[PDB]
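Engineer: Protein chains in written order, with the deposited numbering: chain X, 706 to 827, 848 to 951; chain L, 608 to 620, 641 to 676, 689 to 754; chain Y, 1001 to 1148; chain U, 952 to 1148.
Ideal Cβ placement from N, Cα and C applies to all residues, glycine included.
Sharing a structure here in structure tokens format.
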Amino acid sequence: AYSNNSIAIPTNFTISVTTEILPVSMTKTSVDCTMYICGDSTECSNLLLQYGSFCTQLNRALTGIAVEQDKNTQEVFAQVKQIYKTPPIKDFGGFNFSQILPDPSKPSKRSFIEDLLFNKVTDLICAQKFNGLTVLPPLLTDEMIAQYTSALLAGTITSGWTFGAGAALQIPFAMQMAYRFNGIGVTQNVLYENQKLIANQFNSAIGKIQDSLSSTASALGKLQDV
Amino acid sequence: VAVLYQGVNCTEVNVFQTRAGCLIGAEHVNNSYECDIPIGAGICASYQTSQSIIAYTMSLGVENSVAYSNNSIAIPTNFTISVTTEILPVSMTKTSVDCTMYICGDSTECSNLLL
Amino acid sequence: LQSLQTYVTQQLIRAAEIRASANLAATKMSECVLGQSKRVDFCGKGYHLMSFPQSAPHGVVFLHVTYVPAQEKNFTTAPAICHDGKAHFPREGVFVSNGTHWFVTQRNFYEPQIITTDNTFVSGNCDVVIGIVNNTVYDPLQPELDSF
Amino acid sequence: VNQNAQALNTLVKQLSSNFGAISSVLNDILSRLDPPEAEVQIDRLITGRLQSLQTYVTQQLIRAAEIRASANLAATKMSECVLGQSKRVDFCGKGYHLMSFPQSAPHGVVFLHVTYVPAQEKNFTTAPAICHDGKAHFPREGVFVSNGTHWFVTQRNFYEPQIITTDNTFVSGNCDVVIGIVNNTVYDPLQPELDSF
């Protein structure tokens, strides 16, 4: 409807949580030029050396790919050099983060969500190393990239927007949403009066995202395509 | 110098074994420091102390537990103006290569075969 | 050698594609996670609030907490209120009415507020404004000075 | 600069490779063997040198894609960081951005960014609201702070203690809803002015 004197203001809202899958790096592989022609023979070496430096430029090229692939993970995964920890006593104002927070009782540190993300994507590394394609392991293992994520989560729960721009400043998360609503044009009256309703909206949204990732395995297809 | 082998255990061969492969000439230290020359699979090396090359686990930085409470808040009482440095490329060398003189110059038969 | 050269050239093209996706993920890592971005449909649908990273093989998964309004109701508006002959323009928000009394409220949520001197401001006069309506602006100092 | 030097250097050195022929110099082959048997060696030399030139053009186009991604990123930092003021975090560099000073450099540009980072911090006691006559008060800009004695109003970015007044807060709701509300006395500036009058 279009009228000069008519206006619509929302009387109620909802908090939706979505998922966007962006690939970061791929598996680094470097193939040697002499063995790809043949091994244990001088005929491949004499006629292949007769073509000059082609092996050297293609090898330096694949090495350059493997170094930039470690550097892309370095500019994304680790933003800050300071590790943040989650306090043992948790009062967030009615929010349940135990699904997205790592579980220390597991032998490897991962969350309940990362446990499903590792299981929904299909040793194969040594199997590829058997045919002559060498897979070099990444500089950052799975436990430390997950530790970078748990550090960034623990900082958002505790320090909020402060540790990105400087030293970590402790702020309660109940007051943190007051600044996040004041930044988008929402009065903090919505937070302080409806906080109990927002707790059930967020906890139900996290349960729906966990159900979507568990029931639908095609949401990770962006990485499966890679 | 610490010689590193990639994707193989120690066969021929301060001989240690890591996830990246056989690493000879370096020492393994259980403590963890800031990385200098990286390798892979969470292990790197640096030259420290009668000094040699030591190999160690990736340090993720200083571990600091920020206190959190309902009524606790921290506000900064002072500030610092810092200048950082960002280097980005813009232009690269402009190159133009001619087919006849680059492949075969001063050759009439090869210049006619290129046309 | 030609088949291997085809492989390396195709890998270099994927290196440029994976670099465009990694720098886009690093940019969304800085704006969506550490701080709060006011950009629309960058951090995802709705008004952005917070982003939660999660480790995933060869990538990263973001959980975006956003503010999406749901229920609304049609109200009667007006750009200004004419009281003593000079226009009263809203400082923050808009003028709304249910058909009986004019209210002042923000655009992102409905929180009824009476017209006072602090929620509006005086600029210009009443003839030059198109769509201005007449009402009575409540003076907060009038009953206080009368009681004194 | 090293990728162009190494690319041009490989591009020149491939002329010295023989590519399966008798010699890399065309004068020794054309001055000895007859033209019909010699044309086979010339076709193998052109195809090999040709494969090196198409390899070079493919690497230059691929490197052209990275220099264009960096150029568009440089134009983006040039737009947001230099002329205006970007509120994006960790775009113009660590900290709250202020201004950027560009500097010419060979085959690129260097940006000098002025940032605002806090230094000293001090732990304070906070409350979401102030309960006075039975109706709640919320801060308009900033948060509520206390040193353990009196409740103050200050900004989040820096500490400027202020007495709770009616212009520094706004009246909404009541005291039985907001969790963590505290009781205090809201100062009204009209009272001493009327007492003096």
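Mind checking which residues open and close the alpha helix (DSSP H) that includes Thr1100 (chain Y)?
Structural biologist: For the purposes of this step, residue 1100 (chain Y) is taken as residue 100 along the third sequence, with counting starting at 1. Run containing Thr1100 (chain Y): none; DSSP gives neither H nor E here.
Engineer: Let me know if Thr734 (chain L) comes out buried or exposed under the rule of 16 or more other beta-carbons within 10 Å of its beta-carbon.
Structural biologist: In the second sequence, residue 734 (chain L) corresponds to position 95, counting from 1. Counting Cβ neighbours within 10 Å, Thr734 (chain L) comes out exposed, since fewer than 16 surround it.
Engineer: Classify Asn1074 (chain Y) as helix, strand or coil using the three-state DSSP reduction.
Structural biologist: Counted from its first residue, the third sequence places residue 1074 (chain Y) at position 74. Looking at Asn1074 (chain Y) - three-state DSSP - the assignment turns out to be strand.
Engineer: Under 9 Å, Cβ to Cβ, is there at least one residue of chain U near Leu727 (chain L)?
Structural biologist: Here residue 727 (chain L) corresponds to residue number 88 of the second sequence, with the count starting at 1. Yes - at least one Cβ of chain U is within 9 Å of the one on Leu727 (chain L).
Engineer: So, are the CB atoms of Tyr1138 (chain U) and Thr1116 (chain U) less than 9 Å apart?
Structural biologist: The count along the fourth sequence starts at 1 and reaches residue 1138 (chain U) at position 187. The count along the fourth sequence starts at 1 and reaches residue 1116 (chain U) at position 165. Contact flag set, yes.
Engineer: In the region 980-1062 of chain U, which residue ranges form an unbroken alpha helix (DSSP H) of at least 4 residues, counting only runs that do not cross its ends?
Structural biologist: List check, alpha helix (DSSP H) in window: 986-1028.
Engineer: Between the alpha carbons of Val1122 (chain Y) and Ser1147 (chain Y), how many angstroms are there, rounded?
Structural biologist: Translated into positions along the third sequence, residue 1122 (chain Y) becomes position 122. Translated into positions along the third sequence, residue 1147 (chain Y) becomes position 147. Cα to Cα, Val1122 (chain Y) sits roughly 26 Å from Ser1147 (chain Y).
Engineer: Please state the DSSP three-state secondary structure of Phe1109 (chain U).
Structural biologist: As a position in the fourth sequence, residue 1109 (chain U) is number 158, starting the count at 1. Looking at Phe1109 (chain U) - three-state DSSP - the assignment turns out to be coil, as it is neither helix nor strand.
Engineer: Could you give the C-beta distance for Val729 (chain X) and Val1060 (chain Y), rounded to a whole number, given that I count them as a contact under 8 Å?
Structural biologist: The sequence position of residue 729 (chain X) within the first sequence is 24, counting from 1. The sequence position of residue 1060 (chain Y) within the third sequence is 60, counting from 1. Indeed, because the Cβ distance is near 6 Å, the residues count as touching under 8 Å.
Engineer: Can you tell which of X:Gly798, X:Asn751, X:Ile805, X:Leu752 has its C-alpha closest to the C-alpha of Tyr917 (chain X)?
Structural biologist: On the first sequence, residue 917 (chain X) is found 192 positions in, with the first residue counted as 1. It is X:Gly798.
Engineer: Any idea if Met731 (chain X) is buried or exposed, counting beta-carbon neighbours within 10 angstroms, 16 or more meaning buried?
Structural biologist: As a first step, residue 731 (chain X) must be located in the first sequence, where it is residue number 26. Burial call: buried.
Engineer: Helix, strand or coil for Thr1120 (chain Y), going by three-state DSSP, please let me know.
Structural biologist: As a first step, residue 1120 (chain Y) is located in the third sequence; it is residue number 120 there, counting from the start. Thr1120 (chain Y): strand per DSSP, three-state reduction.
Engineer: Apart from the five residues just before and just after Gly857 (chain X), which ones in its own chain have a Cβ nearer than 8 Å to its Cβ?
Structural biologist: Locating residue 857 (chain X) in the first sequence gives position 132, counting from the first residue. Closer than 8 Å at Cβ, skipping near neighbours: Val736, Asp737, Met740, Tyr741.
Engineer: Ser816 (chain X): which of Y:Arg1019, Y:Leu1001, Y:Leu1024, Y:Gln1054 sits nearest, CA to CA?
Structural biologist: Here residue 816 (chain X) refers to the residue found at position 111 of the first sequence. Of the candidates Y:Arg1019, Y:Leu1001, Y:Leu1024, Y:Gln1054, the one whose C-alpha sits nearest the C-alpha of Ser816 (chain X) is Y:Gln1054.
Engineer: Hey, is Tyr707 (chain L)'s beta-carbon within less than 9 Å of any beta-carbon in chain U?
Structural biologist: Residue mapping note: residue 707 (chain L) aligns to position 68 of the second sequence, counting from 1. Not one chain U Cβ lies under 9 Å of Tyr707 (chain L).
Engineer: Are the beta-carbon atoms belonging to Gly1131 (chain Y) and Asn710 (chain X) less than 9 Å from one another?
Structural biologist: Within the third sequence, numbered from 1, the residue matching residue 1131 (chain Y) stands at position 131. Within the first sequence, numbered from 1, the residue matching residue 710 (chain X) stands at position 5. In contact: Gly1131 (chain Y) and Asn710 (chain X) (Cβ atoms closer than 9 Å).
Engineer: Could you tell me the alpha carbon to alpha carbon distance between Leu878 (chain X) and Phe1052 (chain Y), rounded to whole angstroms?
Structural biologist: By 1-based counting over the first sequence, the position of residue 878 (chain X) is 153. By 1-based counting over the third sequence, the position of residue 1052 (chain Y) is 52. If I take the Cα positions, the gap works out to 6 Å.
Engineer: So what's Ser810 (chain X) in DSSP terms, helix, strand or just coil?
Structural biologist: As a position in the first sequence, residue 810 (chain X) is number 105, starting the count at 1. Looking at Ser810 (chain X) - three-state DSSP - the assignment turns out to be coil, as it is neither helix nor strand.
Engineer: Rounded to whole angstroms, how far is the Cβ of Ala852 (chain X) from the Cβ of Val1040 (chain U), which I believe are closer than 8 Å?
Structural biologist: By 1-based counting over the first sequence, the position of residue 852 (chain X) is 127. By 1-based counting over the fourth sequence, the position of residue 1040 (chain U) is 89. About 43 Å; that fails the 8 Å criterion.
Engineer: Whole-angstrom Cβ separation of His1048 (chain Y) and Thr1066 (chain Y), contact assumed at under 8 Å?
Structural biologist: Taking the first residue of the third sequence as position 1, residue 1048 (chain Y) is located at position 48. Taking the first residue of the third sequence as position 1, residue 1066 (chain Y) is located at position 66. Rounded, the Cβ-Cβ distance is 6 Å, consistent with contact.
Engineer: For chain X, find out if any of its Cβ atoms is closer than 9 Å to the Cβ of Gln1106 (chain U); answer yes or no.
Structural biologist: Along the fourth sequence, one-based indexing puts residue 1106 (chain U) at 155. By this cut-off, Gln1106 (chain U) is not an interface position.
Engineer: Does chain Y have any CB closer than 9 Å to the CB of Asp1041 (chain U)?
Structural biologist: To locate residue 1041 (chain U), count along the fourth sequence from 1; it is residue 90. Chain Y, which has a Cβ nearer than 9 Å to the Cβ of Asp1041 (chain U), makes this yes.
Engineer: Compute the distance between the beta-carbons of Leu767 (chain X) and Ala1056 (chain Y), then report whether it is under 9 Å.
Structural biologist: Here residue 767 (chain X) corresponds to residue number 62 of the first sequence, with the count starting at 1. Here residue 1056 (chain Y) corresponds to residue number 56 of the third sequence, with the count starting at 1. Contact flag unset, no.
Engineer: Which whole-angstrom value is the C-beta distance of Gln872 (chain X) and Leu699 (chain L), which I expect to be below 8 Å?
Structural biologist: For this step, residue 872 (chain X) is matched to residue 147 along the first sequence. For this step, residue 699 (chain L) is matched to residue 60 along the second sequence. Going by Cβ atoms, the distance from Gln872 (chain X) to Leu699 (chain L) rounds to 6 Å, so yes, they are a contact pair.
Engineer: Taking 7 Å as the limit between beta carbons, can you name the residues of its chain near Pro1079 (chain Y), skipping five residues before and five after?
Structural biologist: If you number the third sequence from 1, residue 1079 (chain Y) lands on position 79. Here the set comprises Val1129, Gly1131, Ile1132.
Engineer: Indicate whether the contact test is met: 3 or more Cβ pairs, each with one atom in the region 986-1004 of chain U and one in the region 1013-1024 of chain U, closer than 8 Å.
Structural biologist: The region 986-1004 of chain U is not in contact with the region 1013-1024 of chain U.
Engineer: So does the region 645-662 of chain L actually touch the region 1081-1097 of chain Y, counting three or more Cβ pairs closer than 8 Å?
Structural biologist: At 8 Å Cβ cutoff, the stretches do not touch.
Engineer: By the 10 Å Cβ neighbour count, where 16 or more other Cβ atoms means buried, how is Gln1071 (chain U) classified, buried or exposed?
Structural biologist: As a working note, residue 1071 (chain U) is residue 120 in the fourth sequence. Its Cβ having fewer than 16 others within 10 Å, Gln1071 (chain U) is exposed.
Engineer: Just to confirm the assignment: which complete beta strand (DSSP E) runs, minimum length 3, are found wholly within the region 741-794 of chain X?
Structural biologist: You should have 787-789.
Engineer: Spell out whether any CB of chain U is found under 9 Å from the CB atom of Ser1051 (chain Y).
Structural biologist: For the purposes of this step, residue 1051 (chain Y) is identified with residue 51 of the third sequence, where counting begins at 1. Answer no: the Cβ-Cβ gap between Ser1051 (chain Y) and chain U never drops below 9 Å.
Engineer: Contact defined as beta carbons within less than 8 Å: I believe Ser875 (chain X) pairs with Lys814 (chain X). What is the distance between those atoms, to the nearest angstrom?
Structural biologist: What you label residue 875 (chain X) is simply residue 150 of the first sequence in a count that begins at 1. What you label residue 814 (chain X) is simply residue 109 of the first sequence in a count that begins at 1. Contact flag correct, Cβ pair sits at about 7 Å.
Engineer: From residue 594 (chain L) to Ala771 (chain X), what does the alpha carbon distance come to, in whole angstroms?
Structural biologist: Any question about residue 594 (chain L) goes unanswered here, given that chain L covers just 608 to 754.
Engineer: How many angstroms separate the CA atom of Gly1044 (chain Y) from the CA atom of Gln901 (chain X)?
Structural biologist: By one-based count along the third sequence, residue 1044 (chain Y) stands at place 44. By one-based count along the first sequence, residue 901 (chain X) stands at place 176. Going by the C-alpha atoms only, they are around 20 Å apart.
Engineer: By Cβ distance below 8 Å, which residues in the same chain neighbour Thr887 (chain X) in space, the five residues on each side in sequence not counted?
Structural biologist: Start at 1 with the first residue of the first sequence, and residue 887 (chain X) comes out as number 162. These residues qualify, in order along the chain: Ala893, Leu894, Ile896.
Engineer: In terms of residue numbering, what span does the alpha helix (DSSP H) encompassing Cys851 (chain X) cover?
Structural biologist: As a position in the first sequence, residue 851 (chain X) is number 126, starting the count at 1. Run containing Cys851 (chain X): 849-855, per the alpha helix (DSSP H) assignment.
Engineer: Can you list the residues of chain L that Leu894 (chain X) reaches, using a CB-CB cut of under 9 Å?
Structural biologist: Reading the first sequence from its first residue, position 169 is the one you call residue 894 (chain X). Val705, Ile712, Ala713, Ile714, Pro715, listed in chain order.
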